[PDB]
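A short worksheet on the structure shown next.
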Amino acid sequence: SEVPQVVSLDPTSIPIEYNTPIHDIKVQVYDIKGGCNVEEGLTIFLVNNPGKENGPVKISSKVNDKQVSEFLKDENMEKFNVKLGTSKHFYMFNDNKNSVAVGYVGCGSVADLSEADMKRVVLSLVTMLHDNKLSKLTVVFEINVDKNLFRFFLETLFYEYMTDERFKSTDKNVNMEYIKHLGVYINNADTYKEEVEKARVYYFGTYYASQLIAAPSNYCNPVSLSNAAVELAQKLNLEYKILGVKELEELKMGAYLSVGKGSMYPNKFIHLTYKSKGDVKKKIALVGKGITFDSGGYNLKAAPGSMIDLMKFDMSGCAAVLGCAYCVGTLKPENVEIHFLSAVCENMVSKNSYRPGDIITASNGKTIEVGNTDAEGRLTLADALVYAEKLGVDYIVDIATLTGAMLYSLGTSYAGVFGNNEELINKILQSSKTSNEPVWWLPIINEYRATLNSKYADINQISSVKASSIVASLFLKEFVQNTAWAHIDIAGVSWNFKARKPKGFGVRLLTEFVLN
Amino acid sequence: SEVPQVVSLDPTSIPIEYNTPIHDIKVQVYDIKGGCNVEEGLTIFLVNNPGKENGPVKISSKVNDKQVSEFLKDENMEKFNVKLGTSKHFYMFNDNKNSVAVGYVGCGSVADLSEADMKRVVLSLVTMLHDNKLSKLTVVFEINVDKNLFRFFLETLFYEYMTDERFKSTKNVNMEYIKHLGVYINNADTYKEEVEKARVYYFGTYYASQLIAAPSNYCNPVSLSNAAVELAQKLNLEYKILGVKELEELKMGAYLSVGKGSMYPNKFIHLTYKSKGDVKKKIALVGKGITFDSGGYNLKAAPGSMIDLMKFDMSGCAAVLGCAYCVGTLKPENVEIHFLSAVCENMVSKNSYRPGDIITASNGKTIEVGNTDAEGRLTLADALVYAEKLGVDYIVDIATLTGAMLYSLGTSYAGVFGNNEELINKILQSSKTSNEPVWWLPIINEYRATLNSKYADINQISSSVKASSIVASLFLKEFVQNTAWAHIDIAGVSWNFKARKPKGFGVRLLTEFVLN
Amino acid sequence: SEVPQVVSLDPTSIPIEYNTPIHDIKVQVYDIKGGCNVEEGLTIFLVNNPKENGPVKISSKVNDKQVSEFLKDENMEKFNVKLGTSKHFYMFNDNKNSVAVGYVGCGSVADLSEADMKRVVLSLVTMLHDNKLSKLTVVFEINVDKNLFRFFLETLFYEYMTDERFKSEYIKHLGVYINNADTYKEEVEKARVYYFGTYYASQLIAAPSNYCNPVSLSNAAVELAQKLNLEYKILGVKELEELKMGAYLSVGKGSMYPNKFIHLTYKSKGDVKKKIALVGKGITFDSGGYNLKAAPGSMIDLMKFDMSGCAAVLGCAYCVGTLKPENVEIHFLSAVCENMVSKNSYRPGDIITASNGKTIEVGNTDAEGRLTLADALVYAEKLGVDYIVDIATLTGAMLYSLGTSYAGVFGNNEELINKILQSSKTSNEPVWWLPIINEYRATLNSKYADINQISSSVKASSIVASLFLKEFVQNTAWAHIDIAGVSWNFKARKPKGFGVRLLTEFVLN
Ligand SMILES: CC(C)(C)C(=O)N[C@@H](C(=O)NO)c1ccc(-c2cccc(/C(N)=N/O)c2)cc1
Ligand SMILES: CC(C)(C)C(=O)N[C@@H](C(=O)NO)c1ccc(-c2cccc(/C(N)=N/O)c2)cc1
Ligand SMILES: CC(C)(C)C(=O)N[C@@H](C(=O)NO)c1ccc(-c2cccc(/C(N)=N/O)c2)cc1
Ligand SMILES: [Zn+2]
Ligand SMILES: [Zn+2]
Ligand SMILES: [Zn+2]
Ligand SMILES: [Zn+2]
Ligand SMILES: [Zn+2]
Ligand SMILES: [Zn+2]
């Protein structure tokens, strides 16, 4: 629990914001058939024009204001088009001779907005929210969205609107001012109301993960991350257990302990459990990779474009699992028992570091020949997967920033999923659809298994077969003997390079998985 | 004060030679309008021939010896030319039937010798001093030189003549420095004052050279700071060495972070010279003091990164200390100078700061580390804050900051940056009179936006923009709020790659700045 | 004159747009005193706050009650003045006519730099590209001098314009409100000329190497010369051989396009008191030769820009031919060719002879610019001029010294250098003086030839290259502008047309 320091100026905890301005926003949903009141703040219409490549803007909704309705007549609106992402601001006086602000966001010509399309729409909305000191936002849905896409709209809105200033000091934005009210006008309003607070939970689960990932390695270390996990568990009334080095040695986790040998921070194994109130029909282990910093070890990340300054992300999997723990602990699903696992450590260069060539013994007895110290994720997961299977669960799902090869296979939008079981894989893909976090199924090619045959050990850590994501999956598979297991590689999608911030990818995916 | 050791064979101090053979050379300046007597040792004429490429050598000076005068008749000398760097040796008997040695050095056809050509002249002269066991050197100036260039001649003569053998064991058994130096020149009385000034300037440069040439196992933060104290005590300068505890109390998080991975504690050097009368100008001299730059986790592993030379990375501190010698010795009036250096070592360890880390400077600004090898500006940041807190008129820092300097100005000219044109003008003026060439480079504000960090107040390094020297200057500028400041990047000029030794660059420049 | 083809589908000319939509824009300048009329179109206020990202406050009186209500302090303080930040709203004015009103933030500094003004303009152009307006009205509530005001217009015109020559609704009126408007009006038509000179250069640079080759580029120079009544002469291989331009001819040996030396001349009507030669590097594509640009990050796909010096000179020729300066004779020169890999290419190690008799040992075929410039400078000095100014994308080292914003200037004459620096100030194309360090000269000493092409190296490539060029100007005031870093706008993925206005201001002032 006590974080070691080199100097007294070294931080000893991760700064975490639990009460965000988003949580202070009163959200109301009204039915669009009842007409819209356009009074205070900014009122935005989400409008499209089917079969028309940049068609004219037409406001269909009834507006309970003669002056605003007059401004919004088609003859007035025809100068504007519905091109996806396009937005405009309107200034006018309402029936009470009060100044009001009105506008729209273009939703293109396609009647079915993709996950990318809605995100593009949301981003345009946030630009209107930025650099403007509004007290209220009102969104009028003149497009067709189902419950899932509606929830996605809110989640994405909350997440992008929120700004992380935990590490700002002399450069805090002096103009930041969050809205206090959110009004939503939509068709079939009663069906969508339940999605509001679920979206708020999914938001924070994601933002919490984001906070952990964005936190630098001097703030976010194996000890401070594990302390934060306990703190979260206490708040959610979850059972929790943090395994220290002596306990890990007792469990003979030689692979996990080897990676952390060169670190000044002791290894900390996070084990959280949520158990439903009643009959448990499904037991699930969620495993997250928890490398608080990946220097690469003695296989140092020194090659051009290895982005070592980014390697604080290497605990993104752990964050996804912890963010899911928040959502599950808050929404409290029934008939499920969930274990949240993460073998947390740091991969550093030291006199005490494990070397390339070292042979290490996993907790299941298998000896492993280390061919590359920068492939440390699969080593820590190996011991974690063995621990997971001993819990006696039905499904083991691990999520990890495992291989850079994902950038060349799926890129920055789609995570890849591997597994030994098609049913579990199908559930993950189903969860991908409903959570709107895109995942693609990649194969575990058994023909490559022979490249992991070590001359001296039971198995090689790496091949020496480019195909890194597949080989890594073959490695991990060796540590699950008779349990349905799935592996999600998020090395490519975890970090948003365009926005220079984490995505908190996987939180919504895993929560949808546990709930459904 | 006590230097830590790994083994008992690790050195515990920097070997320093204070009394050099150069100091034992008796120097006499005579007026040439009285004629030259050629008796013992070597007598060298510095001769040119204006507007006539490689024209004949002609000795204009009167020689108070009939045979030598006859030997040196124009008819005899016409077979030799005045090409720059050319030297010749003559053997003859004087009026007392004694064997004497005479020769010349060609000084070209240009009437105004450059700083570079004069250096070539000196080297040709020093070559004659080498491999010859002379008791006296006599130099006759038959060229036109002002007081500054004459002083430059002596400094360069002294510095190049001197040989550093502190680390020889086996040492040249055949070395034998002269005990007397005679100079014949017109208006000798005006030039006599330059002799002891040159000797002071010489050692300031050679002292700096000794610190730079000293390897990092000899020259470490503790041993270097100890040396500064010892120097300060000999000069009666006020001195204060700030240790880790004061630095923590002063909240120097940037400086302390760089040294975290080192076995040697950070040591902040603070020397002060105060005049006896009224103080009209207060000056802070800041030197980069990285005793070894491994690059940290951004290891210098790239081809041609020249990590074995990186003991020079404390050249700025050495330059400042060399200046402290000159100022403390010459004792200028009406000035108060603070000699500063945030000394530490940039190493790879379990305790090292990582890429991505956010650290807080002593002025409260948070800094996101994008590259651990850009450590100089971090130590300078806290040092510059400390300097401004002293309430001075001018802040000048000198540092081996950016490798880009080799591509901009190369190895002869250092670059100067600043926030104040007047100060820049003073630095440039000092460059002329000290003959240490410096060129003014711009701080381009358009690049400042690339230092915008998403999470911290500022980025340590840029991403988009090359031109590191300007970007680094933009960084440093953020740590000086309302004081005239200039920054001299000597990364390119500090080491003499051809001669394989330091130049001690900056000592004479800074002293002239302080004196004038 | 005839462009050679490999297949019949290969283009034989550079598509050039002479009549741009910008030329159809009616520009009106009114004095800010007396109030602003908000009638049609979009009205944008340029506002600052002398604090850091302070609230927007509109000082100007607006002769419209509805718009005045919009611009009241209570409404505008919700917005801040962060440089580049903008908001615009659509509303009805007193005449129930649709109008759009907004601002662009100009920061807290009272004196906007050229880079600052560029960010303001870019924010403005984004609104012009996303709005179907017939009229733009810009209200200057900031301090701008005549030069910077002209710069505003030029940059606005340039950024507004879109190059669609290779693809397979602009405003018609521009209103400007500014204090002391009468003093600023003369800058308007000057800006329009400077605009096209820059845009013309941009068109040549942006044109790919299959369109823009030595033949088609020289043809373009003739066509321009004919429109401007400039004297013109294009030297072909046979003339160049008789002139013994061996350095220049060696570089082009490996190309399928014959070398073409462009020589345009502007001569004043009255007495010629000053003669100036402008030399531009004209490499239509730089593959690097046998020293191929194959290293990671060598950006070989960008190397069509390597004729930017020539384009700058030609764009300047337009401005000079249009504005018609007095008492000057200007020669516009470019040794145009292509640096390719072939059985006929010159090899690393080859010793070649320049037109002044100097033999040169080639150490790197990718340092071809200085070879073509060498013969061009000899040709220039033979004309008997007062000033020789060359402009070239010469060394990549400029990216490490001054970066992408400031060009570097080198020279053998201090008066000429300051004139260029003065021109840099008034044209707002930033240039910084870099030294020609004579101590590095010895590194060009060849064992076999008279001189080395490159050092081996004294890293500082930009300085070493200047020393090389310096050897080919014997008794003439000469200056060299390295634009390798500033020529291409990597962020916007387009040329800057850098140097046209700089060179024009030099000739005019
Ligand atoms: C097989 C290899 C050691 C190359 C590997 O896959 N290493 C991963 C690792 O460090 N596991 O612990 C690895 C390497 C790179 C990345 C990664 C992730 C995201 C972005 C990038 C990136 N931008 N590289 O330029 C690189 C992720 C995982
Ligand atoms: C931002 C960057 C890492 C490029 C940088 O400025 N590095 C300097 C540094 O480590 N500061 O602490 C840096 C890099 C190289 C040099 C340097 C200086 C002198 C010679 C050489 C050289 N010849 N390397 O092969 C390299 C000096 C400073
Ligand atoms: C002496 C050397 C071959 C290194 C050189 O300066 N070559 C220049 C050249 O090709 N002259 O004909 C040269 C090299 C690189 C560049 C340049 C310009 C802009 C960008 C880049 C680059 N590498 N972007 O990633 C490189 C410009 C001129
Ligand atoms: Zn790794
Ligand atoms: Zn990893
Ligand atoms: Zn460094
Ligand atoms: Zn350094
Ligand atoms: Zn080239
Ligand atoms: Zn080129």
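Naming convention: chains lettered A, B, ... in sequence-line order (proteins, then strands); numbering from 1 in each chain. When a ligand or atom number is given, it counts from 1 through the structure's own listing order. Below, each value reflects all heavy atoms present in this structure, side chains not excepted, and no hydrogens, waters or symmetry copies.
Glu375(B) has its closest N, O or S atom to the Zn ion (ligand 6) at the position named OE1. The atom of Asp293(B) that is an N, O or S and sits closest to the Zn ion (ligand 6) is OD2.
Across the listed options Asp373(B), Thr402(B), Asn298(B), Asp373(B) owns the non-hydrogen atom lying nearest to atom 10 (O) of ligand 2.
By the 3.5 Å distance cut-off applied to N or O atoms, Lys300(B) is counted among the residues near ligand 2. Residue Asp293(B) has at least one nitrogen or oxygen atom sitting less than 3.5 Å from a nitrogen or oxygen atom of ligand 2, judged on distance alone. Polar contact check, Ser468(B) against ligand 2: no nitrogen or oxygen pair lies under 3.5 Å apart.
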_I'd like to know whether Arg448(B) forms a salt bridge (charged side-chain N to carboxylate O under 4.0 Å, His left out) with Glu478(B), so could you lay out the CA-CA distance, the side-chain angles of the two residues, the decisive distance to 0.1 Å, and finally the verdict._
CA-CA 10 Å; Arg448(B) 172 59 181 84; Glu478(B) 292 286 304; 3.2 Å; yes
*asked:* Before you tell me yes or no, could you show the steps for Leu441(B) and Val416(B) under side chain to side chain contact (heavy atoms under 4.5 Å, CB included), namely the whole-Å CA-CA distance, both residues' side-chain angles and the distance that decides it to 0.1 Å?
replied: CA-CA 6 Å; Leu441(B) 292 173; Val416(B) 61; over 6 Å; no
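Ligand 2 places these atoms under 4.0 Å from at least one heavy atom of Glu375(B): 12 (O). Residue contact check: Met306(B) has heavy atoms under 4.0 Å from atoms 23 (N), 24 (N), 25 (O) of ligand 2. The ligand atoms of ligand 2 that sit less than 4.0 angstrom from a heavy atom of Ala491(B) are 18 (C), 19 (C). Here is the list of ligand 2 atoms found below 4.0 Å of a heavy atom in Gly304(B): 24 (N), 25 (O). When each atom of ligand 2 is checked for a heavy atom of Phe312(B) under 4.0 Å away, the hits are 18 (C), 19 (C). Shown in contact with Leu401(B) at under 4.0 Å from a heavy atom are these atoms of ligand 2, numbered in order with element: 6 (O), 8 (C), 9 (C), 11 (N), 13 (C), 28 (C).
Under a 4.0 Å heavy-atom criterion, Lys288(B) is in contact with ligand 2.
Checked by atom type, the side-chain pair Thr403(A)/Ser469(A) shows a donor-acceptor distance below 3.5 Å.
Taking a cutoff of 4.0 Å between a charged side-chain nitrogen and a carboxylate oxygen, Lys261(A) and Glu346(A) do not qualify as a salt bridge. A salt bridge links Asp313(B) and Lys288(B); the closest N-O separation between the charged side-chain nitrogens and carboxylate oxygens is under 4.0 Å.
Close placement of the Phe268(B) and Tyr386(B) rings is indicated, their centers lying within 6.0 Å of each other.
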